[PDB]
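File shown: structure38.cif. Contents: mmCIF, C-alpha atoms and all ligand atoms.
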```
data_protein
#
loop_
_atom_site.label_atom_id
_atom_site.label_comp_id
_atom_site.auth_asym_id
_atom_site.auth_seq_id
_atom_site.Cartn_x
_atom_site.Cartn_y
_atom_site.Cartn_z
CA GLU Y 9 -41.44 8.92 -68.88
CA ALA Y 10 -44.66 9.69 -67.03
CA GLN Y 11 -44.44 11.55 -63.72
CA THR Y 12 -45.03 10.39 -60.16
CA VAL Y 13 -47.45 11.24 -57.35
CA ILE Y 14 -47.22 11.20 -53.60
CA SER Y 15 -50.19 10.04 -51.46
CA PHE Y 16 -51.42 11.05 -48.03
CA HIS Y 17 -52.57 9.32 -44.89
CA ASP Y 18 -56.10 10.66 -45.58
CA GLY Y 19 -56.07 8.56 -48.77
CA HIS Y 20 -55.95 11.47 -51.23
CA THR Y 21 -53.06 11.69 -53.68
CA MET Y 22 -50.91 14.62 -54.83
CA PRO Y 23 -48.50 14.79 -57.82
CA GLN Y 24 -44.96 14.93 -56.49
CA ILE Y 25 -44.17 17.71 -58.94
CA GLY Y 26 -46.03 20.99 -59.50
CA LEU Y 27 -45.72 24.70 -60.24
CA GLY Y 28 -44.93 27.36 -57.63
CA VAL Y 29 -46.61 30.76 -58.04
CA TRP Y 30 -44.54 32.97 -55.82
CA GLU Y 31 -43.94 36.58 -56.83
CA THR Y 32 -45.18 36.11 -60.40
CA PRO Y 33 -47.60 39.11 -60.61
CA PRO Y 34 -51.48 38.87 -60.55
CA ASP Y 35 -52.20 39.74 -64.26
CA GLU Y 36 -49.42 37.61 -65.65
CA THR Y 37 -50.44 34.96 -63.09
CA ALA Y 38 -53.50 34.26 -65.23
CA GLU Y 39 -51.29 33.96 -68.29
CA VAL Y 40 -48.41 31.97 -66.79
CA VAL Y 41 -50.73 29.27 -65.40
CA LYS Y 42 -52.33 28.19 -68.71
CA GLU Y 43 -48.93 28.38 -70.41
CA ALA Y 44 -47.69 26.05 -67.65
CA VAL Y 45 -50.60 23.58 -67.72
CA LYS Y 46 -49.99 23.16 -71.45
CA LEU Y 47 -46.51 21.87 -70.50
CA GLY Y 48 -48.07 18.99 -68.58
CA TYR Y 49 -47.82 20.65 -65.19
CA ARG Y 50 -50.31 18.85 -62.93
CA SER Y 51 -50.32 20.61 -59.57
CA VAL Y 52 -50.41 24.28 -58.93
CA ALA Y 53 -49.60 25.97 -55.67
CA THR Y 54 -49.93 29.63 -54.64
CA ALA Y 55 -50.57 31.41 -51.37
CA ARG Y 56 -53.02 34.01 -50.10
CA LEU Y 57 -50.12 36.34 -49.41
CA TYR Y 58 -49.22 36.82 -53.08
CA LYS Y 59 -52.85 37.85 -53.92
CA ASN Y 60 -53.12 36.00 -57.25
CA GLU Y 61 -55.82 33.52 -56.41
CA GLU Y 62 -58.07 35.57 -58.80
CA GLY Y 63 -55.47 35.15 -61.55
CA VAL Y 64 -55.27 31.45 -60.72
CA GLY Y 65 -59.04 30.85 -60.70
CA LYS Y 66 -59.27 32.49 -64.11
CA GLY Y 67 -56.05 30.86 -65.27
CA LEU Y 68 -57.60 27.47 -64.29
CA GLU Y 69 -61.03 28.01 -65.81
CA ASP Y 70 -61.88 24.64 -67.32
CA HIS Y 71 -58.94 22.81 -65.87
CA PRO Y 72 -60.29 21.03 -62.76
CA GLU Y 73 -58.04 18.06 -63.57
CA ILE Y 74 -55.28 19.83 -61.62
CA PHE Y 75 -54.17 19.76 -57.98
CA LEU Y 76 -54.55 23.13 -56.38
CA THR Y 77 -52.82 24.11 -53.15
CA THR Y 78 -53.24 27.38 -51.25
CA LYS Y 79 -52.12 28.95 -47.96
CA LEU Y 80 -54.06 30.80 -45.21
CA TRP Y 81 -52.11 33.97 -44.36
CA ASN Y 82 -51.11 35.11 -40.81
CA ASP Y 83 -53.69 37.92 -40.30
CA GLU Y 84 -56.63 35.50 -40.83
CA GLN Y 85 -55.89 33.05 -38.00
CA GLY Y 86 -58.26 31.78 -35.24
CA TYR Y 87 -61.38 29.63 -35.69
CA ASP Y 88 -64.20 31.74 -37.27
CA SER Y 89 -61.74 33.94 -39.19
CA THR Y 90 -60.18 30.96 -40.99
CA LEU Y 91 -63.46 29.44 -42.28
CA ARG Y 92 -64.14 32.93 -43.74
CA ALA Y 93 -60.66 32.96 -45.19
CA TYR Y 94 -61.19 29.66 -46.88
CA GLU Y 95 -64.50 30.46 -48.64
CA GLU Y 96 -62.92 33.54 -50.14
CA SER Y 97 -59.74 31.82 -51.29
CA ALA Y 98 -62.01 29.17 -52.81
CA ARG Y 99 -63.99 32.03 -54.48
CA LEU Y 100 -61.02 33.84 -56.05
CA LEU Y 101 -59.44 30.53 -56.95
CA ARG Y 102 -62.83 29.25 -58.07
CA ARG Y 103 -63.05 25.66 -57.05
CA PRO Y 104 -65.30 25.71 -53.99
CA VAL Y 105 -63.70 22.46 -52.77
CA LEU Y 106 -59.93 22.70 -52.90
CA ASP Y 107 -57.25 20.08 -52.91
CA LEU Y 108 -54.87 21.23 -50.31
CA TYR Y 109 -55.01 23.99 -47.74
CA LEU Y 110 -52.00 25.09 -45.74
CA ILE Y 111 -51.51 27.25 -42.65
CA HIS Y 112 -48.83 29.61 -43.89
CA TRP Y 113 -46.90 30.02 -40.60
CA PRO Y 114 -47.50 28.96 -36.96
CA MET Y 115 -46.64 32.34 -35.31
CA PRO Y 116 -46.55 30.69 -31.81
CA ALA Y 117 -46.18 33.97 -29.93
CA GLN Y 118 -49.56 34.87 -31.56
CA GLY Y 119 -50.83 31.69 -29.85
CA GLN Y 120 -53.87 31.63 -32.14
CA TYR Y 121 -52.74 28.79 -34.44
CA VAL Y 122 -54.26 25.80 -32.69
CA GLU Y 123 -57.58 27.58 -32.98
CA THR Y 124 -56.62 27.73 -36.61
CA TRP Y 125 -56.25 23.89 -37.00
CA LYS Y 126 -59.79 23.12 -35.67
CA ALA Y 127 -61.17 25.44 -38.29
CA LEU Y 128 -59.25 23.18 -40.69
CA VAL Y 129 -60.33 19.77 -39.30
CA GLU Y 130 -63.80 21.19 -39.66
CA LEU Y 131 -63.48 22.09 -43.34
CA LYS Y 132 -62.48 18.47 -44.12
CA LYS Y 133 -65.17 16.90 -41.90
CA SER Y 134 -67.56 19.05 -43.93
CA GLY Y 135 -65.68 17.93 -47.03
CA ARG Y 136 -65.26 21.53 -48.16
CA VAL Y 137 -61.55 20.99 -48.55
CA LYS Y 138 -60.11 17.70 -49.74
CA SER Y 139 -56.79 17.62 -47.80
CA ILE Y 140 -55.55 19.77 -44.90
CA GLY Y 141 -52.05 20.49 -43.76
CA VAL Y 142 -49.62 23.17 -42.51
CA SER Y 143 -46.60 25.25 -43.50
CA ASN Y 144 -43.49 26.00 -41.43
CA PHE Y 145 -44.35 23.97 -38.32
CA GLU Y 146 -41.74 22.32 -35.99
CA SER Y 147 -41.80 19.25 -33.66
CA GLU Y 148 -43.08 21.29 -30.72
CA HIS Y 149 -45.72 22.85 -33.00
CA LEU Y 150 -47.13 19.70 -34.66
CA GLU Y 151 -47.22 17.49 -31.56
CA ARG Y 152 -49.05 20.44 -30.03
CA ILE Y 153 -51.85 20.24 -32.62
CA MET Y 154 -52.07 16.49 -33.04
CA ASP Y 155 -52.71 16.25 -29.25
CA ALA Y 156 -55.05 19.23 -29.26
CA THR Y 157 -57.34 17.81 -32.06
CA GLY Y 158 -56.37 14.15 -32.80
CA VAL Y 159 -55.83 14.63 -36.59
CA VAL Y 160 -52.38 14.91 -38.10
CA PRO Y 161 -51.97 17.39 -40.97
CA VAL Y 162 -51.26 15.44 -44.23
CA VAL Y 163 -48.39 17.75 -45.25
CA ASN Y 164 -46.18 20.23 -43.46
CA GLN Y 165 -44.37 22.52 -45.87
CA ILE Y 166 -40.90 23.64 -44.81
CA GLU Y 167 -37.59 25.25 -45.94
CA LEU Y 168 -35.27 22.64 -47.39
CA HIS Y 169 -32.86 22.16 -50.24
CA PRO Y 170 -29.34 20.65 -50.44
CA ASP Y 171 -27.75 23.13 -47.94
CA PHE Y 172 -30.57 22.44 -45.39
CA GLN Y 173 -32.16 19.03 -45.10
CA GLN Y 174 -34.18 19.26 -41.88
CA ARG Y 175 -33.43 15.59 -41.19
CA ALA Y 176 -34.58 16.05 -37.62
CA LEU Y 177 -37.95 17.20 -38.77
CA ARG Y 178 -38.07 14.59 -41.58
CA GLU Y 179 -37.43 12.02 -38.86
CA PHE Y 180 -40.33 13.39 -36.79
CA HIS Y 181 -42.40 13.77 -40.02
CA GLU Y 182 -41.91 10.20 -41.29
CA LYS Y 183 -42.85 8.87 -37.78
CA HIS Y 184 -46.30 10.56 -38.08
CA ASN Y 185 -47.15 9.75 -41.69
CA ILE Y 186 -46.58 13.35 -42.67
CA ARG Y 187 -45.60 14.51 -46.10
CA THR Y 188 -42.89 17.05 -46.36
CA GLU Y 189 -43.06 19.77 -49.01
CA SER Y 190 -39.87 21.58 -49.96
CA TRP Y 191 -39.82 25.39 -49.68
CA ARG Y 192 -37.12 27.29 -51.55
CA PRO Y 193 -35.76 24.04 -52.99
CA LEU Y 194 -32.81 25.61 -54.74
CA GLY Y 195 -31.63 27.64 -51.74
CA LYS Y 196 -32.57 30.74 -53.76
CA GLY Y 197 -30.22 29.73 -56.59
CA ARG Y 198 -27.05 29.39 -54.53
CA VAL Y 199 -26.83 25.91 -55.87
CA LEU Y 200 -27.43 26.79 -59.55
CA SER Y 201 -23.64 27.39 -59.59
CA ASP Y 202 -22.34 25.08 -56.87
CA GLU Y 203 -19.41 22.97 -58.14
CA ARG Y 204 -20.52 19.55 -56.72
CA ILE Y 205 -23.53 20.12 -59.03
CA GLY Y 206 -21.24 21.09 -61.96
CA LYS Y 207 -20.06 17.44 -62.10
CA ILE Y 208 -23.31 15.61 -61.38
CA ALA Y 209 -25.23 17.57 -64.06
CA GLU Y 210 -22.43 16.93 -66.60
CA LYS Y 211 -22.51 13.18 -65.77
CA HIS Y 212 -26.25 12.95 -66.60
CA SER Y 213 -26.37 15.37 -69.56
CA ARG Y 214 -28.64 17.83 -67.63
CA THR Y 215 -28.54 21.28 -65.99
CA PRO Y 216 -27.64 21.83 -62.33
CA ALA Y 217 -31.26 22.53 -61.34
CA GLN Y 218 -32.99 19.35 -62.62
CA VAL Y 219 -30.30 17.37 -60.86
CA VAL Y 220 -31.57 18.90 -57.59
CA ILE Y 221 -35.30 19.11 -58.35
CA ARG Y 222 -34.83 15.34 -58.72
CA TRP Y 223 -32.96 15.13 -55.42
CA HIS Y 224 -36.26 16.26 -53.90
CA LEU Y 225 -38.07 13.55 -55.93
CA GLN Y 226 -35.77 10.80 -54.77
CA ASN Y 227 -36.42 11.80 -51.16
CA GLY Y 228 -40.19 11.43 -51.21
CA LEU Y 229 -40.53 15.19 -51.19
CA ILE Y 230 -43.37 17.03 -52.70
CA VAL Y 231 -41.43 19.80 -54.42
CA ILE Y 232 -42.98 22.94 -56.04
CA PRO Y 233 -40.35 24.86 -58.14
CA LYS Y 234 -41.16 28.29 -59.56
CA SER Y 235 -40.01 29.74 -62.88
CA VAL Y 236 -41.68 31.86 -65.61
CA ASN Y 237 -39.39 31.49 -68.61
CA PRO Y 238 -41.21 28.43 -70.04
CA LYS Y 239 -37.90 27.00 -71.24
CA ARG Y 240 -37.19 26.52 -67.55
CA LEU Y 241 -40.72 25.38 -66.79
CA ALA Y 242 -40.53 22.32 -69.11
CA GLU Y 243 -36.96 21.90 -67.98
CA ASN Y 244 -37.92 21.71 -64.32
CA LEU Y 245 -40.76 19.40 -65.25
CA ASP Y 246 -38.50 17.12 -67.36
CA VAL Y 247 -36.90 15.29 -64.49
CA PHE Y 248 -38.14 11.77 -65.06
CA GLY Y 249 -35.89 11.02 -68.07
CA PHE Y 250 -33.21 9.80 -65.65
CA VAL Y 251 -32.31 8.70 -62.12
CA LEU Y 252 -29.32 8.99 -59.73
CA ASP Y 253 -27.02 6.67 -57.73
CA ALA Y 254 -26.03 6.64 -54.04
CA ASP Y 255 -22.62 7.90 -55.04
CA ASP Y 256 -24.63 10.86 -56.24
CA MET Y 257 -27.22 10.88 -53.40
CA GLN Y 258 -24.72 10.68 -50.55
CA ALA Y 259 -22.57 13.31 -52.41
CA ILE Y 260 -25.36 15.95 -52.38
CA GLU Y 261 -25.99 14.95 -48.76
CA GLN Y 262 -22.61 16.46 -47.81
CA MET Y 263 -23.91 19.85 -48.85
CA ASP Y 264 -26.07 20.06 -45.68
CA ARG Y 265 -25.04 22.75 -43.20
CA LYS Y 266 -26.34 23.34 -39.66
CA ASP Y 267 -26.41 27.10 -40.46
CA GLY Y 268 -27.97 26.58 -43.93
CA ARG Y 269 -31.32 28.27 -43.10
CA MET Y 270 -31.97 31.41 -45.12
CA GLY Y 271 -35.44 32.59 -44.13
CA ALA Y 272 -37.61 33.35 -41.22
CA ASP Y 273 -37.01 31.03 -38.21
CA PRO Y 274 -40.67 30.18 -37.67
CA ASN Y 275 -40.14 29.97 -33.92
CA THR Y 276 -39.04 33.64 -34.01
CA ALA Y 277 -40.52 35.19 -37.23
CA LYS Y 278 -42.50 38.43 -36.95
CA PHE Y 279 -44.68 39.98 -39.60
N1 LIG V 1 -39.55 33.91 -44.79
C1 LIG V 1 -39.11 32.96 -45.62
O1 LIG V 1 -39.37 31.78 -45.45
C2 LIG V 1 -38.31 33.42 -46.79
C3 LIG V 1 -38.96 33.49 -47.99
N2 LIG V 1 -38.33 33.89 -49.09
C4 LIG V 1 -39.15 33.93 -50.30
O2 LIG V 1 -38.86 32.91 -51.28
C5 LIG V 1 -39.08 33.49 -52.58
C6 LIG V 1 -37.76 33.49 -53.33
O3 LIG V 1 -37.88 32.86 -54.59
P1 LIG V 1 -36.60 32.11 -55.24
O4 LIG V 1 -35.52 32.06 -54.21
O5 LIG V 1 -36.29 32.87 -56.52
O6 LIG V 1 -37.15 30.57 -55.42
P2 LIG V 1 -36.28 29.19 -55.43
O7 LIG V 1 -35.62 28.74 -54.15
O8 LIG V 1 -37.29 28.32 -56.16
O9 LIG V 1 -34.99 29.67 -56.26
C7 LIG V 1 -34.72 29.21 -57.57
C8 LIG V 1 -34.79 30.30 -58.63
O10 LIG V 1 -34.11 29.75 -59.75
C9 LIG V 1 -34.81 30.03 -60.96
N3 LIG V 1 -35.04 28.83 -61.79
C10 LIG V 1 -36.15 28.06 -61.88
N4 LIG V 1 -35.98 27.07 -62.78
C11 LIG V 1 -34.74 27.20 -63.28
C12 LIG V 1 -33.90 26.48 -64.27
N5 LIG V 1 -34.38 25.41 -64.91
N6 LIG V 1 -32.64 26.93 -64.49
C13 LIG V 1 -32.15 28.00 -63.85
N7 LIG V 1 -32.85 28.71 -62.94
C14 LIG V 1 -34.12 28.35 -62.62
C15 LIG V 1 -36.14 30.64 -60.61
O11 LIG V 1 -36.22 31.93 -61.16
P3 LIG V 1 -36.62 32.16 -62.70
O12 LIG V 1 -38.10 32.55 -62.69
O13 LIG V 1 -35.70 33.31 -63.06
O14 LIG V 1 -36.30 30.85 -63.40
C16 LIG V 1 -36.19 30.67 -59.11
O15 LIG V 1 -36.61 31.98 -58.73
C17 LIG V 1 -39.60 34.91 -52.36
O16 LIG V 1 -41.04 34.90 -52.37
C18 LIG V 1 -39.02 35.28 -51.01
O17 LIG V 1 -39.67 36.33 -50.28
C19 LIG V 1 -37.04 34.26 -49.08
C20 LIG V 1 -36.30 34.24 -47.91
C21 LIG V 1 -36.87 33.79 -46.67
#
```
Kindly present the structure from the file in structure tokens form.
Ligand SMILES: NC(=O)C1=CN([C@@H]2O[C@H](COP(=O)(O)OP(=O)(O)OC[C@H]3O[C@@H](n4cnc5c(N)ncnc54)[C@H](OP(=O)(O)O)[C@@H]3O)[C@@H](O)[C@H]2O)C=CC1
Amino acid sequence: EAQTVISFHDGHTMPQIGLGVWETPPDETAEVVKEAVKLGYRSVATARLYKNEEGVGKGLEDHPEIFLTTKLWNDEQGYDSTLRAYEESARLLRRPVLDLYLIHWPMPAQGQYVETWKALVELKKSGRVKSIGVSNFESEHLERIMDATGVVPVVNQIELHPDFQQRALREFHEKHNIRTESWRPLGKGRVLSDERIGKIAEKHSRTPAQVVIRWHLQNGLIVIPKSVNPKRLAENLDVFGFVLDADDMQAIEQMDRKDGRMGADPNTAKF
């Protein structure tokens, strides 16, 4: 069955599934991309941090058909320094006008991140990026920037996966037309082997992962899972051949913990 897409308040539209490009090293980046596209992967997403925009922009030579996301790193923040940052990402990536552009972290102690959003609202008023948004923002932080500059980011990317469901923030999100991208959507693989998922993947003749990748799907979550082993790739991507029930859905909802965070607390994270 054909895939799905999620759309944005700014009227653009992004496939609800895509490929993560975390870690995967610069020279194999090139390779792994094409290999992936050939699977029917429609979106790609990397970040500046990983420094494989070059490998992506070669990898995606003569594949404009595909939704390309990238993230402005923390040492490039402010107004004039972000515009600069964008051109160059666009250069290494090679698609002067990109699909999605994300502010990697707020870094609120660094206080320089609202400056950073104007630079963004600019790039879209120019129409030099298609769709702008952020990564790892809170209530406090988004409110702060929607009041400062009157435009909501289309997407805020955040940590989330069965053991952490930021339902507070997905309440705030939903109430501002904001799309919510899952970061580390398998809780780093803790759930690969969780026993609630050893029944629900049996049930539907699938592996534990897909089960969950789908969870994200059936929550309206743009999800961007990363593998290299192409067996996994086309596995992750084959998540439309089925569907789940509320017996299922409200059974993976019990997996949420208050303490389920595993990464930087973006309020407190220092780099
Ligand atoms: N500050 C922060 O916010 C934090 C960030 N991180 C970052 O997150 C990243 C960690 O990546 P990771 O946790 O591995 O990503 P995920 O949460 O996506 O973990 C899932 C892992 O499972 C594997 N996998 C993918 N598809 C399948 C499949 N079909 N069957 C079985 N296994 C599969 C993948 O590895 P494989 O390629 O082997 O398939 C993947 O690495 C790092 O960049 C790390 O620094 C970590 C902690 C905190």
Grab me every residue within 8 Å of ligand LIG 1 (chain V), counting all atoms listed in the file, and send it over as a ChimeraX atom specification.
/Y:28,30-31,167,191-197,200,215-218,232-237,239-241,243-244,270-273,277
When you look at residue 37 of chain Y with a cut-off of 8 Å (counting only C-alpha atoms), what residues show up, excluding the ones that are within fewer than 4 positions of it in the same chain? I need them as a PyMOL selection string.
chain Y and resi 29+32-33+41+60+63-64+67
Report as a PyMOL selection string all protein, DNA and RNA residues lying within 12 Å of residue 46 of chain Y, evaluated on all atoms listed in the file, omitting residues in the same chain fewer than 2 positions from it.
chain Y and resi 39-44+48-50+67-68+71+74+238+241-242+245
Residues near residue 185 of chain Y, cut-off 9 Å, all atoms listed in the file, skip fewer than 6 positions along chain, as a PyMOL selection string:
chain Y and resi 16-17+160+162-163
Distance in Å - atom CA of residue 34 of chain Y versus atom CA of residue 101 of chain Y:
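Computed distance, atom CA of residue 34 of chain Y to atom CA of residue 101 of chain Y, equals 12.1 Å.
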Nearest to residue 138 of chain Y among Y:12, Y:90, Y:275, Y:77, with distances taken over only C-alpha atoms: which residue is it?
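Between Y:12, Y:90, Y:275, Y:77, the residue approaching residue 138 of chain Y most closely is Y:77.
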Separation of atom CA of residue 124 of chain Y from atom CA of residue 154 of chain Y, in Å and rounded to one decimal
12.6 Å
Quick one: residues within 12 Å of (-53.5, 15.7, -37.2) (file frame), counting only C-alpha atoms, please, as number ranges by chain.
Y: 16-18, 122, 125-126, 128-130, 132, 139-142, 149-164, 181, 184-187
Residues just named, written with C-alpha atoms as an mmCIF file, in the frame of the given file:
```cif
data_model
loop_
_atom_site.group_PDB
_atom_site.id
_atom_site.type_symbol
_atom_site.label_atom_id
_atom_site.label_comp_id
_atom_site.auth_asym_id
_atom_site.auth_seq_id
_atom_site.Cartn_x
_atom_site.Cartn_y
_atom_site.Cartn_z
ATOM 1 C CA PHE Y 16 -51.420 11.050 -48.030
ATOM 2 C CA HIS Y 17 -52.570 9.320 -44.890
ATOM 3 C CA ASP Y 18 -56.100 10.660 -45.580
ATOM 4 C CA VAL Y 122 -54.260 25.800 -32.690
ATOM 5 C CA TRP Y 125 -56.250 23.890 -37.000
ATOM 6 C CA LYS Y 126 -59.790 23.120 -35.670
ATOM 7 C CA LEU Y 128 -59.250 23.180 -40.690
ATOM 8 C CA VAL Y 129 -60.330 19.770 -39.300
ATOM 9 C CA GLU Y 130 -63.800 21.190 -39.660
ATOM 10 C CA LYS Y 132 -62.480 18.470 -44.120
ATOM 11 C CA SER Y 139 -56.790 17.620 -47.800
ATOM 12 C CA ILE Y 140 -55.550 19.770 -44.900
ATOM 13 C CA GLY Y 141 -52.050 20.490 -43.760
ATOM 14 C CA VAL Y 142 -49.620 23.170 -42.510
ATOM 15 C CA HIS Y 149 -45.720 22.850 -33.000
ATOM 16 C CA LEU Y 150 -47.130 19.700 -34.660
ATOM 17 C CA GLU Y 151 -47.220 17.490 -31.560
ATOM 18 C CA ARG Y 152 -49.050 20.440 -30.030
ATOM 19 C CA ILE Y 153 -51.850 20.240 -32.620
ATOM 20 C CA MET Y 154 -52.070 16.490 -33.040
ATOM 21 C CA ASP Y 155 -52.710 16.250 -29.250
ATOM 22 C CA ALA Y 156 -55.050 19.230 -29.260
ATOM 23 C CA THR Y 157 -57.340 17.810 -32.060
ATOM 24 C CA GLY Y 158 -56.370 14.150 -32.800
ATOM 25 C CA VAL Y 159 -55.830 14.630 -36.590
ATOM 26 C CA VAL Y 160 -52.380 14.910 -38.100
ATOM 27 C CA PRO Y 161 -51.970 17.390 -40.970
ATOM 28 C CA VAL Y 162 -51.260 15.440 -44.230
ATOM 29 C CA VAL Y 163 -48.390 17.750 -45.250
ATOM 30 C CA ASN Y 164 -46.180 20.230 -43.460
ATOM 31 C CA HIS Y 181 -42.400 13.770 -40.020
ATOM 32 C CA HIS Y 184 -46.300 10.560 -38.080
ATOM 33 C CA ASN Y 185 -47.150 9.750 -41.690
ATOM 34 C CA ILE Y 186 -46.580 13.350 -42.670
ATOM 35 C CA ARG Y 187 -45.600 14.510 -46.100
#
```
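Separating atom CA of residue 251 of chain Y from atom CA of residue 214 of chain Y is a distance of 11.3 Å.
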So, counting all atoms listed in the file, which residue among Y:255, Y:179, Y:146, Y:246 is closest to residue 208 of chain Y?
Y:255
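The neighbours of residue 264 of chain Y here are the residues that come within 10 Å of it, using only C-alpha atoms and leaving out any residue fewer than 2 positions away in the same chain; they are residues 168, 169, 170, 171, 172, 173, 174, 175, 260, 261, 262, 266, 267 and 268 of chain Y.
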Give me, as a PyMOL selection string, all polymer residues having an atom no more than 9 Å from residue 15 of chain Y, counting only C-alpha atoms and skipping those fewer than 5 positions away in the same chain.
chain Y and resi 20-24+187
Please write the residues from the selection above to a file, keeping C-alpha atoms, as an mmCIF file, in the frame of the given file.
```
data_model
loop_
_atom_site.group_PDB
_atom_site.id
_atom_site.type_symbol
_atom_site.label_atom_id
_atom_site.label_comp_id
_atom_site.auth_asym_id
_atom_site.auth_seq_id
_atom_site.Cartn_x
_atom_site.Cartn_y
_atom_site.Cartn_z
ATOM 1 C CA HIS Y 20 -55.950 11.470 -51.230
ATOM 2 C CA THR Y 21 -53.060 11.690 -53.680
ATOM 3 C CA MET Y 22 -50.910 14.620 -54.830
ATOM 4 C CA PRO Y 23 -48.500 14.790 -57.820
ATOM 5 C CA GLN Y 24 -44.960 14.930 -56.490
ATOM 6 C CA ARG Y 187 -45.600 14.510 -46.100
#
```
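Using only C-alpha atoms, the nearest neighbour of residue 11 of chain Y within the list Y:265, Y:249, Y:58, Y:165 is Y:249.
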The residue from Y:38, Y:75, Y:211, Y:274 with the smallest atom-to-atom distance to residue 13 of chain Y, counting all atoms listed in the file, is Y:75
Box along x, y and z, 6 Å on every side, all listed atoms of segment 156-159 of chain Y inside: centre and edge lengths in Å to one decimal, as JSON.
```
{"center_x": -56.2, "center_y": 16.7, "center_z": -32.9, "size_x": 14.3, "size_y": 17.1, "size_z": 19.3}
```
